[PDB]
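There is one chain below, alone, in C-alpha cells, taken in the form deposited in one PDB entry.
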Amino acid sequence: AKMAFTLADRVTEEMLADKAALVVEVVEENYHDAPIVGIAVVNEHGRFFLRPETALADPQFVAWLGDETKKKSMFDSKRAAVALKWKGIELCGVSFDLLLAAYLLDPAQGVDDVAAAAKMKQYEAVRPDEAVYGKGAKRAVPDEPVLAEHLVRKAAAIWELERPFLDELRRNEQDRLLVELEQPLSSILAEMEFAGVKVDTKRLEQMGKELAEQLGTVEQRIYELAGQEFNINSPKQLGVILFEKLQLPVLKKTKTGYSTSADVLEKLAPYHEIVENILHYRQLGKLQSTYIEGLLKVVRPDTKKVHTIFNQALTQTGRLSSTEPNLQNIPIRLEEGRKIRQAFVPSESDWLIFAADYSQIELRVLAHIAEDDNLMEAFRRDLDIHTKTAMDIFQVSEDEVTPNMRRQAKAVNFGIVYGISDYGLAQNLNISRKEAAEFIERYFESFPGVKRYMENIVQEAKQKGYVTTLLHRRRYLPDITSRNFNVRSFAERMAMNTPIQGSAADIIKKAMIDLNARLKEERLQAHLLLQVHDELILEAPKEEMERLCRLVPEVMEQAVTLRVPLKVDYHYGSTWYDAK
C-alpha cells in the first residue's frame, strides 16, 4: 500500500515546476540553526525525495526555492524559511501554508502536524509525525526508506488538501485572512526570529550574582525564623512550617493541600515575620530561576542573541505566543524585575531600541464593536479610561475619584479586556462575588451599549456556533449550550471576549505587515524584533529615531479605521528598559 516516488540522487528539471507541494523537514522542535533532514517535492510530474546535502548544494534547486514565481504549498513554512535562512538560503513563493489554513478554519483542533490537518478532511494516508519520529528521549530520525516515504506522504497530503482547505476558507470569508494577513505575517515573523535580540550577558550574570547573595541571606533568615531548614520551594514542606509549626490560619486550600500563593501570604504577613521573607524569597527566586538563569540558557554564546519562536497557530484568540525564550512576559511591574530589561540591547553599534504600544486597544475595539455612546465619547475625548469608568460606576466627579476608586475601576476594565468571571473579579479585588456583581451591574448601567453587545454576542454564538473578529477570524464555541454552569459560563465569556481580544490581534498583525512595507519603501534600516500583544519592538540606527517617532505610530494608528481613534505611545533608548 506504499506510495510511489523517486528517491533522487540529483535534482532534475521536472522537480522545478512552477507549482509544487514542498517539504523541507526540520525535526528539532527549535528550528534555529537546526538540521534539515530531508526534502520532498510533489508536483504534476510526480513525487520526489531529495537528500538535503545534494539539493541544497544544487544551484538550480536553490534558485527555484528563491524564485517567487515558483509557487510552493507547505505546512509550517516559517520553520522551513528560518532553517534555510540559517543556511543562507532564501525561500520565496509560498502561496499556501496548510498549518495556517487549518488554524484559521478551527484553532481549537490544535493541529500541529500534517496528519492532524489532513484528518479534518477525512484524509488519513499520512502518519502523525510523533508516530514516525517518536517522542522525548526516544525521538530520532528513522532510516532513509522510512523517512523518505513519510516526507513524500506529507507532501502528497498537502498537494491534495490545498483545494478543499481554500474552498472552506472562502466559504467562511477567510481566504483573504490567510493570503493577505497570516501568510505574509509568517514571513515577517521568520525575519524577526532569525534576526534575534542581542543580550548583555555580562549584565545578566552580574544581576545573577547579586541575586544569589540576596537569596542566601533571605533563605537563612527564613530557616532562622522557622527554627529549622526545609525546602522553601516545596508547598508541602512550607505548608507544614506555616500551618503546623507556626499555626498560621488556613485561608485557602488547594487540591493537594494548603495554598501558599502570594495572595494568601500577603494576608498572613501580620501574623509572623517569616511570611514577608517567604514572599521576598519567592520574588528573588522567580527572577533568578526563570529569567536570569532561563535567558542565559538559551542565549547563543557566539552572537549573544536569543532567537525566540513565535507560535502563530496556537491561540483561539489569534494572539501570537513566544517560546525559547518566551519574551512576552519579561518583568516590568516591579522595578527589581524590570531591571532585567536592561539586558536586552541593540544588535549593532550606535543603534537604539524603539518601542511602540497601543493605548487601550482592547477597550477601544469594544467601544467600536458595541457602538456604546458613552465609551466611544470617552475615547474621542482621549479620557483616562479608568478614571472615567470610576466616575461613572461610583457616580462622582473627576476630582472626587480617589486612588482606590480608580484602582477598582481599572480592575473592572481588566476583567472586560480578558473576559474574567465575576468570581475572578471578586478574587482580583478581594471582595465578595456579590459586591463584584454589583460593580458589573453598575458598569452596564453606565455603558448600556456594552451590555447589549455582551447579551447579543452570546446569543449569536449560540445561533451560529461561533463568534468572529474584525478580520473574520473565527472561534467555535460548542460549550455554549452545555447544561454544566461552569462549562457554559466559560464559553459565554469567550464569546464576549474573543471578538475584542481577537480583533486587537488582527489589528496589530496588520500593523506589522503595513509597517514592514513602509520601512522598505522608506529605505530605513530599522527592523522589527518582537511583538508583545499590543506592543511592537524594533531596533534601528540612532539616526532613524526621529523618522520612526512619526512613522511607527502613524502606521499603527492607521492599520484599521474604527469608530474611535487608535492611539499609540512610543519611546526609545539604549536598552529595552530605557525604551519607556
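Between two forms, the rigid core is the largest collection of C-alphas that superpose within 1.5 Å. Residue positions are given as counts along the sequence shown, with the first one as 1.
Heads up, the form deposited in another entry isn't pictured, but that's what we're talking about next.
- Once the two forms are fitted on their rigid core, between this form and the one not shown the CA displacement reaches 2 Å or more only for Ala269 among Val396, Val298, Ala269, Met405.
- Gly227: CA moves 2 Å or more between this form and the one not shown after rigid-core fitting.
- Positional change of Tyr281 between this form and the one not shown reaches 2 Å or more at the C-alpha, relative to the superposed core.
- Relative to the superposed core, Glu210 undergoes a C-alpha shift of no less than 2 Å between this form and the one not shown.
- Note: the CA-CA distance for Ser259 and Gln408 expands in the other form relative to this form, by 3 angstroms or more.
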